Every structure is written in structure tokens, then in C-alpha cells.
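S.K.: Attaching a single structure in C-alpha cells format; questions to follow.
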Amino acid sequence: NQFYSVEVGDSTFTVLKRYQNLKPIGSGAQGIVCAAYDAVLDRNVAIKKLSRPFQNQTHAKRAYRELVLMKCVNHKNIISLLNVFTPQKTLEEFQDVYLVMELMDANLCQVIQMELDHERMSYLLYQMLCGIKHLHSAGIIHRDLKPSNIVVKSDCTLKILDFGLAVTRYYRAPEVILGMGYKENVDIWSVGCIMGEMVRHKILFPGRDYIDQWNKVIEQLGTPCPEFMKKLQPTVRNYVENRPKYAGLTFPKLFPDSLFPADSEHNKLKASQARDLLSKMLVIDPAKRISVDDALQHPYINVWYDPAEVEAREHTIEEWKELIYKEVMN
Ligand SMILES: COC(=O)c1c(-c2ccccc2)c2cc(Br)ccc2c(=O)n1Cc1ccc(NC(=O)CCC(=O)O)cc1
């Protein structure tokens, strides 16, 4: 037959013959993801499997949009879709989608673990921004960026895996958390958290439930200003003012020098520049937050700036199932 079946944990991966020697590498919201060798292209790939996405309105939209978007966006810092296929032969039996992306070497989350120097770090954030820029120019604002969905290669290149919204909430910008409208730089917020996390190694803004999310933010950055507050909904604004007030710490408090290299004037100045960048991304009020182009130009990041890289309705389950299937036959 054209396909065969390998058992991967609770999953049975039923795949085209071209894809050899499957090994599990990780697991997100859509399910398990395997690395695989691809005899046709003689190179390694990733196979994400989507089980029955049509049977939930959200997964259904994430899946449709992402097929569509995947062949519709082409940027070196956005993961590329190599192939899609289902092993089922009619709509009626259709059930699983298999997506073949390109493959890297690690998760952003692991790379946050290493004691990074400014070279490696500025260059990763440069790429993140280039990629977000490319998604923005496209008409896509991600709103749900997080490190586990970003992957890297030994040579330190970097791909975003997904397209956000249009569990872990630690990186959602405040405008999102509070549902209050947003512009492009809602994505800058998350770059903030990931940048802090690279420095602090702890998650910036942990917090158990959503209410406790907020409270770790203001604890550190301080309560937002009133012209912010006036923008919430009548009811919604009341809920939030009902906390203790905070001044929030300065950014050399939040990110002391012990955390950066300090032997050299070079290292002292770079640290300074990082803190400034952070100081401008991690700004609760978007109206005052740095935006994407200005961040690429920022001294911490621009030793990398390359204009070549920088520039470039609802349904029923049934209807979703068809739309998704139809899209898999291309
Ligand atoms: C931890 O996994 C990762 O970070 C990862 C994920 C990933 C998986 C699930 C959830 C989030 C992201 C990924 C997803 C898509 Br779609 C496309 C590419 C990647 C990727 O390149 N890596 C790096 C990677 C590439 C290869 C390996 N290692 C192996 O392939 C092991 C092979 C073996 O053991 O023989 C590990 C990570």
C-alpha cells in the first residue's frame, strides 16, 4: 500500500512510504510531532499529525487557516510546509491530517536554558522580529507567540511554527489578556517575555490562574496609567482597578547586572542596551510600547539588520470537515 503505520506512544502514525524511520520529538496542542527521514527529498523533516480537527471550532480554524497560510507565506524565519496528506480516501472516512514541515535541531525553550551571550541572543531576537514583521506585512498579527512554538538550528537560525489566533498564557500581551483591541505591537509584548526569560531563565510572569497572571505583571512593571484604564469596558475596568496599587521596579532592578556579562565595557554597554530594549518592549500600555520596525533598528539588534531579510465566518463541524479535507487535496 501507499502508506504504512508506526506506533508512536498512544498514537498510530499512518504515513506515506517516503517517510522513513520515525522518532517522536515533542508534543503541542494539536498532538504529537515526529521527526522523519524523507527518501524522496533525502533530507529530514517534521510530521505533525492532526486528529479529527474538524470536531472543535477552534482547532478547526487553526487547521484550515494554517494550511491556507502555509502556502501563502514564505519567510526564512517562518517554518515551511513541505507536504500535507491524509491516509483516508474519501471525505466520509477522512479523519487525520498529516503536515510535513522542515526540521531544525531544538526548541527555543531549551535554548533559553543556555547561558547565552549577546551575540547568540540579539541574533535570535532579530530573527523573531523579522518573522513577525513578515507575518504582519502579510496581514497576520499572531497574538499567541510563545517559545515552545519557536525552533532553532545549530547554526542559530530560527523559525516560528504557527500563526496564532486572528494553555500557557505567560506571554499573551495585556491588551489580549484583557480583550481590549490591539495593533501590530501586541506581538512585541511576547518578544519581551522571551527576551526577559532568556536573561532571567525563570519565566517572567508565571501566575497560576488568569487573575494571578496580571498580578505578577503589575508587581514588576507597576500599575498602568489611567489613560490606559479609561480604555477598558465599564464593567471590565472595574474588575481590574480592584487590586493593590503598584509602582513596579525599575528595569535595572528587574534585570540586575549579575545576570549579564560584565568584564568589559563592551559587555557593560550591551547589557545596558538589552535593558533598554526590554524597557521598551515590556510596556503594559501598547500605546507607549515600542513597535516592530523600531525594535529592529534598536542598537541591541541592528548589528544584524538586513533590509533583505527585513522586507518581503464560522461553520458546522460538517462544513469544517469538508473545507479542511478539500484543502488537503489542494
Ligand atoms: C522539541 O521539539 C522541537 O523543539 C521541534 C518541534 C516541536 C515539536 C513539538 C512541540 C513544539 C516544537 C518542531 C515542530 C515542527 Br511542526 C517543525 C520542526 C520542529 C523542530 O525542528 N523541532 C526541533 C527538534 C528537531 C529534532 C529533534 N531530535 C530528533 O529528531 C531526535 C531523533 C532521534 O531520537 O533519533 C528534537 C527537536
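Residue numbers start at 1 in each chain; chains themselves are named A, B, ... in the order of the C-alpha cells; ligands are numbered from 1 in the order shown.
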Could you tell me, counting only C-alpha atoms and all ligand atoms, which protein and nucleic acid residues lie no more than 7 Å from ligand 1, written as a PDB file with N, CA, C and O atoms, in the first residue's frame?
M.R.:
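Contents of part_18.pdb, freshly written:
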ATOM      1  N   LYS A  23      10.723   8.976  14.668  1.00  0.00           N
ATOM      2  CA  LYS A  23      11.094   9.068  16.068  1.00  0.00           C
ATOM      3  C   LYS A  23      10.320  10.255  16.659  1.00  0.00           C
ATOM      4  O   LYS A  23      10.255  11.331  16.059  1.00  0.00           O
ATOM      5  N   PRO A  24       9.703  10.076  17.834  1.00  0.00           N
ATOM      6  CA  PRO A  24       8.945  11.191  18.408  1.00  0.00           C
ATOM      7  C   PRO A  24       9.875  12.287  18.937  1.00  0.00           C
ATOM      8  O   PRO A  24      10.908  11.989  19.530  1.00  0.00           O
ATOM      9  N   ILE A  25       9.519  13.552  18.725  1.00  0.00           N
ATOM     10  CA  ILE A  25      10.353  14.639  19.232  1.00  0.00           C
ATOM     11  C   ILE A  25       9.675  15.570  20.232  1.00  0.00           C
ATOM     12  O   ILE A  25      10.356  16.210  21.028  1.00  0.00           O
ATOM     13  N   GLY A  26       8.349  15.659  20.202  1.00  0.00           N
ATOM     14  CA  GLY A  26       7.680  16.598  21.081  1.00  0.00           C
ATOM     15  C   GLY A  26       6.174  16.593  20.938  1.00  0.00           C
ATOM     16  O   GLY A  26       5.619  15.851  20.130  1.00  0.00           O
ATOM     17  N   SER A  27       5.500  17.422  21.725  1.00  0.00           N
ATOM     18  CA  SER A  27       4.050  17.410  21.712  1.00  0.00           C
ATOM     19  C   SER A  27       3.406  18.742  22.051  1.00  0.00           C
ATOM     20  O   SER A  27       3.501  19.219  23.177  1.00  0.00           O
ATOM     21  N   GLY A  28       2.729  19.334  21.075  1.00  0.00           N
ATOM     22  CA  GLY A  28       1.949  20.533  21.336  1.00  0.00           C
ATOM     23  C   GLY A  28       0.450  20.290  21.467  1.00  0.00           C
ATOM     24  O   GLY A  28       0.009  19.210  21.876  1.00  0.00           O
ATOM     25  N   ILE A  32       0.902  14.952  18.686  1.00  0.00           N
ATOM     26  CA  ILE A  32       2.304  14.586  18.696  1.00  0.00           C
ATOM     27  C   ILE A  32       2.944  15.021  17.387  1.00  0.00           C
ATOM     28  O   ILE A  32       2.256  15.211  16.375  1.00  0.00           O
ATOM     29  N   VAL A  33       4.264  15.205  17.437  1.00  0.00           N
ATOM     30  CA  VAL A  33       5.072  15.566  16.281  1.00  0.00           C
ATOM     31  C   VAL A  33       6.317  14.676  16.212  1.00  0.00           C
ATOM     32  O   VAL A  33       7.064  14.545  17.187  1.00  0.00           O
ATOM     33  N   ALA A  35       9.914  13.496  14.085  1.00  0.00           N
ATOM     34  CA  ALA A  35      10.949  13.746  13.096  1.00  0.00           C
ATOM     35  C   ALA A  35      10.984  12.535  12.186  1.00  0.00           C
ATOM     36  O   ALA A  35      10.613  11.440  12.597  1.00  0.00           O
ATOM     37  N   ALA A  46       9.708  17.184   9.572  1.00  0.00           N
ATOM     38  CA  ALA A  46       8.842  17.002  10.723  1.00  0.00           C
ATOM     39  C   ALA A  46       7.465  16.614  10.239  1.00  0.00           C
ATOM     40  O   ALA A  46       6.947  17.190   9.280  1.00  0.00           O
ATOM     41  N   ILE A  47       6.876  15.624  10.899  1.00  0.00           N
ATOM     42  CA  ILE A  47       5.496  15.280  10.629  1.00  0.00           C
ATOM     43  C   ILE A  47       4.620  15.551  11.835  1.00  0.00           C
ATOM     44  O   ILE A  47       4.698  14.862  12.840  1.00  0.00           O
ATOM     45  N   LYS A  48       3.801  16.583  11.722  1.00  0.00           N
ATOM     46  CA  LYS A  48       2.789  16.878  12.710  1.00  0.00           C
ATOM     47  C   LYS A  48       1.551  16.109  12.298  1.00  0.00           C
ATOM     48  O   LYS A  48       1.207  16.097  11.125  1.00  0.00           O
ATOM     49  N   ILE A  79       8.337  28.691   9.635  1.00  0.00           N
ATOM     50  CA  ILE A  79       8.505  27.296   9.263  1.00  0.00           C
ATOM     51  C   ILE A  79       7.810  27.030   7.930  1.00  0.00           C
ATOM     52  O   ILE A  79       6.714  27.534   7.695  1.00  0.00           O
ATOM     53  N   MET A 101       6.409  19.662   7.863  1.00  0.00           N
ATOM     54  CA  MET A 101       7.274  20.847   7.900  1.00  0.00           C
ATOM     55  C   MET A 101       8.747  20.496   7.653  1.00  0.00           C
ATOM     56  O   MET A 101       9.118  19.320   7.681  1.00  0.00           O
ATOM     57  N   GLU A 102       9.578  21.517   7.444  1.00  0.00           N
ATOM     58  CA  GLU A 102      11.020  21.363   7.557  1.00  0.00           C
ATOM     59  C   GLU A 102      11.402  21.111   9.027  1.00  0.00           C
ATOM     60  O   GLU A 102      10.568  21.251   9.917  1.00  0.00           O
ATOM     61  N   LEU A 103      12.652  20.734   9.280  1.00  0.00           N
ATOM     62  CA  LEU A 103      13.054  20.289  10.616  1.00  0.00           C
ATOM     63  C   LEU A 103      14.332  20.967  11.103  1.00  0.00           C
ATOM     64  O   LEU A 103      15.268  21.161  10.335  1.00  0.00           O
ATOM     65  N   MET A 104      14.386  21.307  12.387  1.00  0.00           N
ATOM     66  CA  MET A 104      15.551  22.018  12.904  1.00  0.00           C
ATOM     67  C   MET A 104      16.357  21.167  13.870  1.00  0.00           C
ATOM     68  O   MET A 104      16.575  19.988  13.604  1.00  0.00           O
ATOM     69  N   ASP A 105      16.803  21.740  14.984  1.00  0.00           N
ATOM     70  CA  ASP A 105      17.547  20.944  15.954  1.00  0.00           C
ATOM     71  C   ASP A 105      17.076  21.062  17.401  1.00  0.00           C
ATOM     72  O   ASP A 105      17.307  20.158  18.202  1.00  0.00           O
ATOM     73  N   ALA A 106      16.432  22.165  17.764  1.00  0.00           N
ATOM     74  CA  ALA A 106      15.972  22.296  19.140  1.00  0.00           C
ATOM     75  C   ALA A 106      14.780  23.219  19.325  1.00  0.00           C
ATOM     76  O   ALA A 106      14.343  23.897  18.388  1.00  0.00           O
ATOM     77  N   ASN A 107      14.264  23.239  20.551  1.00  0.00           N
ATOM     78  CA  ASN A 107      13.194  24.146  20.919  1.00  0.00           C
ATOM     79  C   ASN A 107      13.797  25.410  21.486  1.00  0.00           C
ATOM     80  O   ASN A 107      14.841  25.383  22.153  1.00  0.00           O
ATOM     81  N   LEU A 108      13.124  26.522  21.222  1.00  0.00           N
ATOM     82  CA  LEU A 108      13.506  27.797  21.798  1.00  0.00           C
ATOM     83  C   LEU A 108      13.643  27.662  23.311  1.00  0.00           C
ATOM     84  O   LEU A 108      14.560  28.239  23.910  1.00  0.00           O
ATOM     85  N   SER A 148       7.930  27.745  23.138  1.00  0.00           N
ATOM     86  CA  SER A 148       7.777  26.341  22.775  1.00  0.00           C
ATOM     87  C   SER A 148       7.353  26.184  21.316  1.00  0.00           C
ATOM     88  O   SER A 148       7.539  25.118  20.715  1.00  0.00           O
ATOM     89  N   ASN A 149       6.783  27.233  20.732  1.00  0.00           N
ATOM     90  CA  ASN A 149       6.415  27.160  19.319  1.00  0.00           C
ATOM     91  C   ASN A 149       7.431  27.824  18.394  1.00  0.00           C
ATOM     92  O   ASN A 149       7.141  28.156  17.250  1.00  0.00           O
ATOM     93  N   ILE A 150       8.640  27.995  18.900  1.00  0.00           N
ATOM     94  CA  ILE A 150       9.721  28.503  18.085  1.00  0.00           C
ATOM     95  C   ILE A 150      10.861  27.511  18.177  1.00  0.00           C
ATOM     96  O   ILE A 150      11.199  27.042  19.262  1.00  0.00           O
ATOM     97  N   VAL A 151      11.450  27.197  17.033  1.00  0.00           N
ATOM     98  CA  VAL A 151      12.509  26.195  16.965  1.00  0.00           C
ATOM     99  C   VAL A 151      13.774  26.773  16.312  1.00  0.00           C
ATOM    100  O   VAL A 151      13.710  27.754  15.568  1.00  0.00           O
ATOM    101  N   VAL A 152      14.924  26.178  16.611  1.00  0.00           N
ATOM    102  CA  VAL A 152      16.199  26.752  16.185  1.00  0.00           C
ATOM    103  C   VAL A 152      17.090  25.667  15.611  1.00  0.00           C
ATOM    104  O   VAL A 152      16.833  24.477  15.813  1.00  0.00           O
ATOM    105  N   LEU A 161       6.668  28.541  14.405  1.00  0.00           N
ATOM    106  CA  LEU A 161       5.949  27.384  13.913  1.00  0.00           C
ATOM    107  C   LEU A 161       4.532  27.690  13.464  1.00  0.00           C
ATOM    108  O   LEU A 161       4.003  27.015  12.598  1.00  0.00           O
TER     109      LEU A 161
END
S.K.: Assign secondary structure with DSSP using the backbone only, and return the residues of region 218-259 of chain A in helix (DSSP H, G or I) as a VMD selection string.
M.R.: chain A and resid 218 to 221 226 to 229 234 to 241 251 to 254 257 to 259
S.K.: Could you list, with a cut-off of 10 Å and counting only C-alpha atoms, the residues of region 109-178 of chain A near region 271-293 of chain A, each shown with its nearest atom pair and the distance in Å rounded to one decimal, rows sorted by chain and ascending number, as a tab-separated table?
M.R.:
residue	atom	partner	partner_atom	distance
A:118	CA	A:271	CA	8.2
A:121	CA	A:274	CA	9.8
A:122	CA	A:274	CA	8.6
A:129	CA	A:292	CA	6.7
A:130	CA	A:292	CA	8.6
A:132	CA	A:292	CA	8.0
A:133	CA	A:292	CA	6.7
A:136	CA	A:292	CA	9.4
A:173	CA	A:284	CA	7.6
A:174	CA	A:284	CA	6.1
A:175	CA	A:286	CA	7.5
S.K.: Please report, as a ChimeraX atom specification, each residue of region 2-250 of chain A to which DSSP assigns strand (DSSP E) when run on this structure's backbone.
M.R.: /A:3-8,11-16,19-27,32-38,43-51,81-85,96-102,106-107,150-152,158-160
S.K.: Might you pull out every residue within 8 Å of residue 87 (chain A), with only C-alpha atoms counted and same-chain residues fewer than 5 positions away left off, and present them as a compact mmCIF listing (two decimals) with N, CA, C and O atoms, in the first residue's frame?
M.R.:
# COMPACT_ATOMS: atom_id res chain seq x y z
N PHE A 3 0.71 3.76 2.05
CA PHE A 3 1.01 4.15 3.43
C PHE A 3 1.39 2.97 4.31
O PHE A 3 1.10 1.81 3.99
N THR A 14 0.09 6.82 10.66
CA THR A 14 -0.08 6.18 9.38
C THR A 14 0.39 7.13 8.28
O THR A 14 -0.28 8.11 7.97
N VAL A 15 1.55 6.82 7.69
CA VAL A 15 2.19 7.74 6.76
C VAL A 15 2.59 7.15 5.40
O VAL A 15 2.83 5.95 5.26
N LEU A 16 2.67 8.03 4.41
CA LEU A 16 3.32 7.71 3.14
C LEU A 16 4.64 6.95 3.31
O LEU A 16 5.36 7.12 4.29
N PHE A 94 -12.47 10.54 5.94
CA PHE A 94 -11.44 11.48 6.34
C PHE A 94 -11.43 11.66 7.85
O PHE A 94 -12.48 11.71 8.49
N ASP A 96 -7.74 12.17 9.80
CA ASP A 96 -6.46 12.72 10.23
C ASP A 96 -5.84 13.60 9.15
O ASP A 96 -5.92 13.29 7.97
S.K.: Which of these residues is nearest to residue 85 (chain A), using only C-alpha atoms: A:223, A:154, A:190, A:2?
M.R.: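 Ranked by minimum distance to residue 85 (chain A), first place goes to A:2.
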S.K.: Which residues are close to residue 241 (chain A), i.e. within 12 Å by only C-alpha atoms, leaving aside same-chain residues fewer than 5 positions away? Reply as a list in words.
M.R.: residues 214, 215, 218, 223, 224, 225, 226, 228, 229, 230, 232, 233, 234, 235, 236 and 246 of chain A
S.K.: Here is a test: counting only C-alpha atoms, which residue of A:195, A:312, A:323, A:303 is nearest to residue 255 (chain A)?
M.R.: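 The shortest atom-to-atom distance to residue 255 (chain A) comes from A:195.
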S.K.: Would you mind telling me which residue in A:127, A:168, A:30, A:83 lies nearest to residue 56 (chain A) when using only C-alpha atoms?
M.R.: A:30
